[PDB]
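This report refers to the structure that appears directly beneath it.
FYI the Cβ positions are ideal-geometry reconstructions off the backbone, even for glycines, and counts take in every protein chain you see. Any read-out appearing in this document is the output of simple, stated calculations on the displayed coordinates, not a laboratory observation.
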Amino acid sequence: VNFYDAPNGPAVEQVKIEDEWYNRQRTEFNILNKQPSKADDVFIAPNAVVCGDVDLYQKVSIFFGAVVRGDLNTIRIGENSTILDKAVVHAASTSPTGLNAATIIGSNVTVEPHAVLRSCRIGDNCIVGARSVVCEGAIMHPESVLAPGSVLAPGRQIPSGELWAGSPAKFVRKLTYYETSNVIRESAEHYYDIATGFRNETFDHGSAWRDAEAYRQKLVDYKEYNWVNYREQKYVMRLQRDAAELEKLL
Amino acid sequence: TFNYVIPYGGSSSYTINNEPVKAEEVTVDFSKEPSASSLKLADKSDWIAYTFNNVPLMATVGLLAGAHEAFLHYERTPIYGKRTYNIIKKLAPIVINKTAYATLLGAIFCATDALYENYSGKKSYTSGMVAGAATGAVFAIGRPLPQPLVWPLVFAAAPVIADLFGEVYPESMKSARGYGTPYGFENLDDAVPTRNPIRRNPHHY
Amino acid sequence: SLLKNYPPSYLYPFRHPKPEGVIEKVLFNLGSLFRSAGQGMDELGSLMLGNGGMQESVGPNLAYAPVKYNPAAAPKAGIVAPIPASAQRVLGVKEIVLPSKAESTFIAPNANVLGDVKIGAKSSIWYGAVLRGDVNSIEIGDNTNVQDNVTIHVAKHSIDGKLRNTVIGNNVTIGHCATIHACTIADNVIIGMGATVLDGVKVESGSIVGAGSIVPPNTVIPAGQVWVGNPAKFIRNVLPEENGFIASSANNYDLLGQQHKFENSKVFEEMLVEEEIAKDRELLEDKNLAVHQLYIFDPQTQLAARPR
Amino acid sequence: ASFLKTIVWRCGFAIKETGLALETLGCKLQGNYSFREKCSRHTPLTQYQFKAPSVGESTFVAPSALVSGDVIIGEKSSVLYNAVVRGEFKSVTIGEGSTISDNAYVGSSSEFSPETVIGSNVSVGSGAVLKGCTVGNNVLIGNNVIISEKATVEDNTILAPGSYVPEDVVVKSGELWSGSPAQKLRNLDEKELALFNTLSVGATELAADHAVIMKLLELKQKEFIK
Amino acid sequence: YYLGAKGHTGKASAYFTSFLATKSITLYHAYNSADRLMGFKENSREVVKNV
Amino acid sequence: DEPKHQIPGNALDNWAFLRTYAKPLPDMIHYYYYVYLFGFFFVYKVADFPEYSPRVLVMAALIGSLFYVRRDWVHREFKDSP
Amino acid sequence: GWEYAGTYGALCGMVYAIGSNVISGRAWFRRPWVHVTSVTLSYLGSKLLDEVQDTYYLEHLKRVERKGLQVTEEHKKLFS
Ligand SMILES: CCCCCCCCCCCCCCCCCC(=O)OC[C@H](COP(=O)([O-])OCC(O)COP(=O)([O-])OC[C@@H](COC(=O)CCCCCCCCCCCCCCCCC)OC(=O)CCCCCCCCCCCCCCCCC)OC(=O)CCCCCCCCCCCCCCCCC
Ligand SMILES: CCCCCCCCCCCCCCCCCC(=O)OC[C@H](COP(=O)([O-])OCC(O)COP(=O)([O-])OC[C@@H](COC(=O)CCCCCCCCCCCCCCCCC)OC(=O)CCCCCCCCCCCCCCCCC)OC(=O)CCCCCCCCCCCCCCCCC
Ligand SMILES: CCCCCCCCCCCCCCCCCC(=O)OC[C@H](COP(=O)([O-])OCC(O)COP(=O)([O-])OC[C@@H](COC(=O)CCCCCCCCCCCCCCCCC)OC(=O)CCCCCCCCCCCCCCCCC)OC(=O)CCCCCCCCCCCCCCCCC
Ligand SMILES: CCCCCCCCCCCCCCCCCC(=O)O[C@@H](COC(=O)CCCCCCCCCCCCCCC)COP(=O)(O)OCC[N+](C)(C)C
Ligand SMILES: CCCCCCCCCCCCCCCCCCCC(=O)O[C@H](COC(=O)CCCCCCCCCCCCCC)COP(=O)(O)OCCN
């Protein structure tokens, strides 16, 4: 329930989901000791959720509904790589192959909507199609494309310059020089332009806080608002927990 | 001119001359004249005397180079370990040979320069080129194939650079002033100075 | 803590206490003027911006959200609750079905859990998961993980009497982006990421449904078998160690849900205070600062603990 | 022209930005820091510049759903929870009685995407990805169906769940298609042909119930705010 | 006040800065006036005002 | 596969040549101390040097540059031997 | 001195605002208040720099006239 060794301390007040009267979901938030890192030009949609040890490089775009959970292990998304709508990127604690279980995404990688990536190595200039599942330990080498509705089984490899399709994904054709050189990069650049557009009409603190401030001001006016020194309470709770842990016999 | 019809530039009459006019009414000089020691060292009349006056520079440079190398060796030798060999017996040949070979090269250079100037009877670029060529030839006696060509060329080129930028350059631009009126053009209406600017005193360090 | 003279702005960063000095009162009044002028300028800009004006509002909490109660079809999984009287004289609904969850359950704020949904203890509904029990009940057992962007759907039983409720057993893992319509899942089953389980499908205990596999309707996946494919077909039997993996995945996601529930459940004032804790942790990383000579600071909350 | 509209948008946006900054400065002077709250800034009907979602009176758009850009939704249509309808780059049209189900993406946001058109009585399954395609009247799309750009689905057709439609592939009328490369399985029998309108009207009834409940949620929020 | 509020001590920083700058500029003015009295600087107004 | 430059020498022989640079490294203060001291005294003595012809100065600079040994060269080739 | 100093200063204030937005990843139109502030301060600073240059030009003219440089009335007109 309460993690007393949490980096910022125990939680003085925890509120239940039933008691919430508005949506408080944060697009970037810290899971215990793991902190997501982002560049200046990284676009995270309001719907999107990014938590854990996720490192977002420059020109990374996280579109609406995408969930990038970096709780079990590290996720790295390379430069100008776009995670499109409702696409989940997650990392496993360990990989079946025995290699590193981090989810590393290279540069100019487009993950199409509803595609699931878990503990995979995605090389530079790659496209993962819509509803394509890349399982743990699967490695896509650079300049390779996975067609929509295809599954890369755990510990499998897609060679460079190749298009792969099917539920047991198989070789279809060799990607042409024009494709690998231009179009794969161009798709990521297009989605960067779209995300740049979305960033340009975003206010730093959009006027949704006013509604909650109205409730807080009403509580202040009726004298129910309470001022709590959370820092001191965290210190006191940790002290009490240590004393109790010393006292216990079993 | 800035047109395609008549030649650019201009011409000055050779018959017509313009009377010199002083850059300023009173001239104050902060540049000191050459010392008697400089004229003594520059004198190439007696080639032996000229050589012996100018070699201390070469011997000094060879001594610094040998000292640099000898210290690089000395720094490496371990004080904690007692050494069977004598360090100075190892290090003295370095410094002595560097100094001797530097002095020999400088001696060839100065002697050939003075001998050529005496025989030619004129001060010219060619004396420096020939002295440098001889010095570079002595540098590359037993050296592999590119070096018989490159060292005479480099050692000859060095006095050309020294003559071009040490003697010709200063003498070419003595007249140019930078204040008052341009040296060629005094007819133009520019502020005329009573006295030349003194930006610094004669140095004494 | 060691000191009690900390500035009130430092102790209450979320909201500074009522101004007491004259200068503070003047600053408060000037802030009021600035706030009103800024709102006026905001509305003037919104006029030029066109239809919508780029207005923003707080969103409803859909993790614990009701559905219309049917007098004919009584609730099966969720509880039924009355609604406020004023909403009664506006909307006219007498009662509304609400989801039923245990205290240990973690539901993400993003997730939409609606109506006839019963969720057991230590189960987790993750981000983007939509659980609609509007027409029929949804039951989820203990230590069951509905992962990100999973859609669980139900239908009406109809004349045949075919059961169109969704019953998910204990220790069941539903992979990310999987779609589960009115099917039955037994205990200790992994549903792969992207897998589609249609109507009438009974998946027996100990089985694994592969990633991106569509199991055809009215298909029984027997116990201890792995089924993959667009027309999902049997490939191999579950290895004895893979069973221990199934349990390990369930338990690992239980711990994960506890952590995520702990992070999300903090109130705003505590979150802002924790942001300041992280910030002055970063500022205090330099150990040659003058204040470090003065005191040793508590690690979790950078407050002076003891003098140095 | 378009340039005039761009200039008007930039001027209005600058004014609104400065107003919000001044309001934040006033809050800082007062000592209130509620503006620093990181809450869900998601809007169900977002606009990109002057392109805003046109919406019918009887339509139901879920609060968690995102209808973005210029998307024209006809009357008695429903975009359900966590459904993403993107029409910024190219517009998206949805006909009367059509339903977009939960966790479904319909968009025309690729560079070369055609304008997405969805006809009347078209139900998109939960999880289906539709990109730059034309869907005709009375079409049932499966749960997890992928339909690629420039692909055409003719009237009175059902796409089985999990089917992927390659581009420039026409799905003909009165047919059932399935498979990762979509191929015709069987001709639709008469009962399924009649089932389309019943499915659509049931979806509309369900949407009306959900709209009533959503209004209830809004009144509860209003009680706190005011 | 502006700089001190960033450190949660606005009032004290404001008073200290005011005192500091006022003292410095007052000493500068007094030095100028003393030079004017000594005759080093222009003093026509001073000689008229205090004969 | 691409056309590549031919590398003269064997891999292990070249690596052995490169490994002769891995020797005990003195700290640079020892050289710097002596250079600073003798340089200060040298600058004091230079003001008393006779004025030399520019040609001789340039030749002396050339000889010094040719005679200068890089510190790495002594490092690789140093032997603690007679 | 320069007769185009203020116009240059205003344009350079625009340069400051737009460059600061671009370096930080923001678009040129973001943070509008920075534009007005940058323009006004840059215009004032460019003007002030011009008067400072003119003043020290005149001080140099006075010094050289004291020293003995026979500057004419027209040359005195060159230095405003
Ligand atoms: C007991 C103590 C031990 C020291 C004993 C002496 C103690 C000092 C006493 C007095 C010191 C004051 C005077 C000494 C010289 C001043 C230098 C100094 O003190 O700096 C601190 C220096 C250490 O500083 P550092 O930062 O640690 O080292 C930097 C280097 O990177 C170091 O790293 P690195 O060694 O690994 O790299 C060296 C690098 C560093 O680079 C340099 O050395 C720069 C030197 C360039 C010339 C310097 C300016 C010359 C102007 C001289 C002015 C007087 C004449 C005026 C007219 C001349 C017109 C030019 O150069 C090279 O790579 C090797 C080539 C060396 C010359 C390069 C030019 C070649 C031109 C020849 C062309 C022919 C080739 C043609 C064929 C080519 C085929 C393609 O200490 C010394 O080196 C002093 C050693 C004394 C030996 C000098 C021997 C001759 C001295 C007079 C001749 C002048 C020429 C200069 C030769 C090189 C001198 C470095
Ligand atoms: C060229 C050749 C070279 C030769 C020599 C060159 C010379 C070298 C030197 C030259 C150097 C130039 C380059 C450096 C430029 C300086 C950097 C810079 O641009 O500012 C940096 C700095 C960076 O801001 P930041 O990026 O947001 O980061 C600070 C953080 O917020 C940090 O937050 P914080 O906690 O630190 O917050 C403190 C600060 C920072 O807070 C903020 O900055 C937030 C924004 C402030 C509130 C928004 C300002 C409201 C007015 C802005 C007007 C924009 C119009 C555009 C849209 C039109 C709307 C109808 O708050 C302040 O703004 C303090 C100033 C108090 C004034 C506040 C506004 C008073 C109400 C308006 C007064 C008059 C209204 C009349 C009309 C109003 C409507 C037009 O900008 C400011 O601090 C702005 C201060 C002044 C605000 C604008 C007020 C202008 C007056 C309204 C316009 C009336 C016409 C103007 C003429 C008449 C004047 C009265
Ligand atoms: C009043 C009503 C308003 C009317 C308007 C009137 C206003 C007057 C003018 C105001 C307009 C705003 C000025 C623009 C500010 C930002 C410019 C910028 O960021 O550059 C790139 C920026 C676009 O870059 P980006 O894609 O947005 O990403 C940039 C990221 O930050 C970093 O991206 P990255 O990390 O990938 O870097 C890759 C980089 C590759 O890496 C490099 O190549 C670096 C090379 C070093 C610099 C280049 C050296 C050569 C530059 C020559 C100058 C170009 C003009 C040539 C004419 C000859 C002039 C003598 O490639 C580039 O960045 C672009 C290459 C070409 C641009 C180089 C020119 C920039 C010069 C310096 C900019 C000014 C910054 C001021 C800072 C303000 C405070 C922070 O602007 C452009 O679209 C093209 C450059 C436009 C040049 C105009 C700037 C004036 C400089 C001329 C000097 C004359 C004196 C100034 C007088 C100005 C008039 C008063
Ligand atoms: C318009 C003229 C009158 C202006 C009224 C101010 C006169 C008061 C006397 C001067 C006091 C200092 C002036 C304020 C400047 C900066 C003060 C400041 O930093 O503002 C805030 C925080 O900093 C900011 O928000 C930045 C504000 C920047 C300046 C914006 C105001 C611009 C006009 C004020 C100065 C105009 C000239 C003042 C008179 C010459 C201070 O935070 P707190 O220390 O917590 O005090 C607030 C008290 N309480 C929370 C308890 C209610
Ligand atoms: C940067 C210049 C360095 C020279 C580079 C040349 C190529 C380097 C090869 C090394 C060869 C040694 C240098 C010899 C160059 C001198 C040219 C030879 C011409 C020549 O012999 O005439 C002498 C005068 O020229 C002279 O000695 C003075 C001429 C100045 C040299 C040319 C200057 C421009 C060259 C720039 C080319 C491009 C720069 C890239 C390096 C004799 O004259 P005299 O008075 O003795 O009469 C004789 C009465 N006994």
For this session: Round to the nearest 0.05 the FRET efficiency obtained for A:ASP40 and E:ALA21 when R0 = 51 Å and r is the Cβ-Cβ distance.
Result: 0.85
For this session: Just list whichever of A:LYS170/C:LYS101; C:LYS156/D:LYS220; C:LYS118/D:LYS131 have alpha carbons separated by over 32 Å in the model shown.
Result: A:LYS170/C:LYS101; C:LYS118/D:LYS131
Exercise. Which of the residue pairs A:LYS16/A:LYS234; A:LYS86/D:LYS16; A:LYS59/D:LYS90; A:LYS248/C:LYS287; A:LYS234/C:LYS279 have a Cα-Cα distance greater than 25 Å in the structure shown?
Worked result: A:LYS86/D:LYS16; A:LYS248/C:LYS287
Seminar exercise, completed: Summing -39500 (n - 2.57) over every DSSP H run of at least 4 in chain G, dividing by its residue total and rounding to the nearest 500, the 222 nm mean residue ellipticity is -26500 deg cm²/dmol
Problem set entry | Dipole magnitude of the protein assembly as shown, debye to nearest 20 (Cβ charges: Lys/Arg +1, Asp/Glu -1, about Cα centre) | 2380
Problem set entry | Net charge of neighbours whose Cβ lies under 14 Å from the Cβ of A:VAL236, counting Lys and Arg as +1 and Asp and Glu as -1 | +1
Seminar exercise, completed: Env charge @ B:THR51, Cβ radius under 10 Å, K,R +1 / D,E -1, value -1
Exercise. Which of the trypsin sites (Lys or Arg not before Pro) across region C:265-307 are loop residues per DSSP, with 13 or fewer other Cβ within 10 Å?
Worked result: C:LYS287
For this session: Using DSSP, restrict attention to beta bridges with both residues in region D:2-225 and report what percent are antiparallel, rounded to the nearest 5.
Result: 10
Exercise. In 5 Å bins starting at 0, how do the alpha-carbon pair distances of region D:14-65 split up by percent?
Worked result: 4, 14, 15, 18, 17, 12, 12, 6, 2, 0
Problem set entry | Rg/Rg_ref, region F:1-56, where Rg_ref = 2.2 N^0.38 Å and atoms are Cα | 2.29
For this session: Project the alpha carbons of chain E onto their principal axes and report the range along each, largest first, in whole Å.
Result: 52, 18, 11
For this session: Relative to the compact-globule scaling 2.2 N^0.38 Å, provide the ratio for the alpha-carbon radius of gyration of the protein assembly as shown.
Result: 1.32
Problem set entry | MRE, 222 nm, helices only [DSSP H, n ≥ 4, -39500 (n - 2.57), over chain D, to nearest 500] | -10500 deg cm²/dmol
Seminar exercise, completed: Around C:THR184 (Cβ within 15 Å, Cβ-to-Cβ, excluding C:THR184; K/R +1, D/E -1) the net charge comes to +1
Exercise. DSSP loop GluC sites (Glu not before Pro) in region C:81-146 with at most 16 other Cβ atoms within 10 Å of their Cβ, which ones?
Worked result: C:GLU103
Problem set entry | Rh (Kirkwood; distinct C-alpha pairs) - region D:2-225, Å | 19.2
For this session: Could you calculate, for region A:144-183, the ratio of the Cα radius of gyration to the Kirkwood radius, expressed as Rg to Rh?
Result: 0.99
Exercise. Which value, in nm² and rounded to one decimal, describes the direction-averaged projected area of the C-alpha convex hull of chain G?
Worked result: 6.2
Exercise. Cα gyration tensor of region A:34-143, axes a ≥ b ≥ c as square roots of the eigenvalues: rounded (a/c below 1.5), prolate (a/b > b/c) or oblate?
Worked result: rounded
Exercise. Hey, what do the phi angles of region D:109-116 turn into as Karplus ³J(HN,Hα) couplings, whole Hz, using 6.51/-1.76/1.60 and θ = phi - 60°, x for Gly and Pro?
Worked result: 9, 6, 4, 9, 5, x, 5, 7
For this session: May I ask for the Rg/Rh ratio of region D:1-122, computed from Cα atoms with Rh as the Kirkwood radius, given to two decimals?
Result: 1.09
Exercise. For region B:1-81, which semi-axes, largest first and in whole Å, follow from the square roots of 5 times the eigenvalues of its Cα gyration tensor?
Worked result: 56, 26, 17
Problem set entry | Convex hull of chain C built on C-alpha atoms - directionally averaged projected area, nm² | 26.0
Seminar exercise, completed: Connecting every pair of Cα atoms under 10 Å apart in chain B and solving the GNM, the largest mean-square fluctuation among B:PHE30, B:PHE155, B:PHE139 falls on B:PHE30
Seminar exercise, completed: The rounded separation in angstrom of the Cα centers of region C:101-180 and region D:153-188 is 30
For this session: List the pair-distance distribution P(r) of region B:1-150, using every Cα-Cα distance, as the percent of pairs falling in each 10 Å bin from 0 up to the bin containing the longest distance, rounded to whole percents.
Result: 9, 20, 20, 17, 16, 11, 4, 2, 1
Seminar exercise, completed: Per region C:154-244, sqrt(5λ) over the Cα gyration tensor eigenvalues, sorted largest first, in Å, gives 21, 13, 12
For this session: Go through region B:119-199 and name the GluC sites (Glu not before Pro) that are in a DSSP coil and have 12 or fewer other Cβ atoms within 10 Å of their Cβ.
Result: none
Exercise. Cα gyration tensor of region A:124-169, axes a ≥ b ≥ c as square roots of the eigenvalues: rounded (a/c below 1.5), prolate (a/b > b/c) or oblate?
Worked result: oblate
